[PDB]
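Next comes just one chain, in structure tokens: the form deposited in one PDB entry.
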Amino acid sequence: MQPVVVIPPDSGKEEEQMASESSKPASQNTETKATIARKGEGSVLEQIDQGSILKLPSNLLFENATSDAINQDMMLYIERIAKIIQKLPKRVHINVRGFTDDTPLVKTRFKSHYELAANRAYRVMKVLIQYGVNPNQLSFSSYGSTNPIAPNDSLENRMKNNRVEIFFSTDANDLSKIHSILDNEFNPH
């Protein structure tokens, strides 16, 4: 039951973990763990309303997080992505996106994180081309260091922060045309 003299202690970890279950009433999850080649782990596939994003931790592609040297053991992961892309129509555009953390670049040839990220995304794009993706469906982008995923306090988080993302989308304009036709017809301005 209870002591006859009840003296509550300070709020503790029991009370933290009980209230540490708070979350959104409508908890939807638009990410799934992805498996490249039945052996390529830590990747995720995310859906957003304008497209799909395949997120690849640094270590699935590059020999390190401050280099654009593709780890040759990982060439087969890029081949698998190329194969799947070749199963999409030529309508689909593929944007390879590079990201870095805040690691100092003085020991490398890179002068900026934007530059490092650009070279990483470019190299991945070029390997996709080697494996047959039409260059007319590809582009590369750099975000530099300012879109982190997690604090940079573990190897796993560092690999996420230095990820490459592959974004799949189209340039559909049917709704835009519809509005344009209506606007031209009805707006005096």
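When you see a residue number, it is the position in the sequence shown, counting from 1. We call the rigid core the largest set of C-alpha positions that still match within 1.5 Å between the two forms. Shifts are known only where both forms have a C-alpha.
We do not show the form deposited in another entry, though everything after this point is about it.
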| item | value |
| --- | --- |
| Rigid-core frame, C-alpha of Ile94, shift of 2 angstroms or more between the shown form and the other one | no |
| C-alpha of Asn136 off by 2 Å or more between the shown form and the other one on rigid core | no |
| Core fit, then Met74 C-alpha moves 2 Å or more between the shown form and the other one | yes |
| Closer or farther in the other entry, the Cα atoms of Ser176 and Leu138, when the shift from this form is 3 Å or more | closer |
| Comparison of CA distance in the other entry with shown form for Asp174, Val92, at least 3 Å | closer |
| Large-shift segments between the shown form and the other one, meaning 3+ residue runs whose Cα move 2 Å or more when the rigid core is superposed | 62-65, 72-74, 153-156, 170-188 |
